[PDB]
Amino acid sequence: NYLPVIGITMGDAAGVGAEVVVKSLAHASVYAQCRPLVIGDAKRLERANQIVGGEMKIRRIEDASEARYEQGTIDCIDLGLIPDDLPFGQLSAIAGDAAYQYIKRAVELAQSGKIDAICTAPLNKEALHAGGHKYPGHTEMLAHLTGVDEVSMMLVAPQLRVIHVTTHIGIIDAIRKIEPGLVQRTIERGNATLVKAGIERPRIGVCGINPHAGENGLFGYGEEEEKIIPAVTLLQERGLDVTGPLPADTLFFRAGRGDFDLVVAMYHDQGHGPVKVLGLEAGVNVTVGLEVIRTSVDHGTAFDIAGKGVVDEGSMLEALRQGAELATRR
């Protein structure tokens, strides 16, 4: 029905972002899923088109309303920041600043409702810093500019959406970090994102910390009752459809069967293993809790191959697809 507008940020101009965007938008499949709007540098996209041997024309626009989404011609909100001769594959404070400016513009468009999702091409933290934007990372920058303190990481597969209470932390520290506030906010973020994506009443299942969710006290130190159950109870009383804590393995079986719209995993491997085992296109991370859904790829600026036309666009295509499926419905 509605084809969502996806704001695609070009990332660091010295890295593979421009090339991967231009290769991605040569696929007709993209235009079955979304209306792809590039925020970036029009000249850099033209250079990338030459580098990849593409047939893409670039249309310089100022406002999202000017975009036509005609295959063969990329609509680029052109900030004009990148010198024509900026080298590929080397650190650039100018490219770092421009990567920030593309992200800032994306956040602005998301706030005004002019895009329905963000898909971020890679940037380089060192260049970002040199360019005057000393953020801890790409995701942290999006969150700060959006005005939110926390986001959650989600993985998506067929029948499976898995949002994480904790991710990149040691397992012992993970268990310490989980408590009802963070669990509650993780569930809320997942619920809100699925409502935006057109599921009016998301069916949410929540994993235990212990196997079998503790088996009525048989396993563990009461982590379910201390850390999880108070959040679940509060959100049930608010009217959300939340079940758990459940044995994580049983919940994944049921989710795969179609019983749940969302699985809330407590820690990294609990949620990541069941998605990764399926062997699907790797490298896409979903960020939950900004004004619109955001996706990205995990491959980096790849300076060793930047400007050589060899970067593979498969991960980006999947990031766009996942972004389109979770985009805000209008």
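Residue numbers here begin at 1 and follow the sequence given.
May I ask you to compare 28 to 36 and 260 to 268 by their mean CA B factor in the entry and name the higher one?
28 to 36 has the higher mean C-alpha B-factor.
Hey, which bit's got the bigger mean C-alpha B factor in the entry, 135 to 143 or 211 to 219?
Looking at the record's C-alpha B-factors, the answer is 211 to 219.
Looking at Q101, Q159, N191, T166, which has the biggest Cα B factor in the entry?
Highest C-alpha B-factor among the listed residues goes to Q159.
Candidate set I204, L91, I77, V232 [ranked by C-alpha B-factor, highest]
So the option with the highest C-alpha B-factor is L91.
Can you tell me whether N285 has a C-alpha B-factor in the lowest, middle or highest third compared with the other modelled residues of the same chain?
Top third by C-alpha B-factor.
Relative to the other modelled residues in the chain, which third contains the C-alpha temperature factor of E291: lowest, middle or highest?
Middle third, going by the recorded CA B-factors of the chain.
When the deposited Cα B-factors of this chain's modelled residues are ordered and cut into thirds, is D173 in the lowest, the middle or the highest one?
According to the entry, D173 has a C-alpha B-factor in the chain's middle third.
Would you mind ranking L155 by its C-alpha B-factor against the rest of the chain and naming the third, lowest, middle or highest?
Answer is middle: the recorded C-alpha B-factor places it there.
Third assignment of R185 from its chain's C-alpha B-factors:
CA B-factor rank for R185: lowest third.
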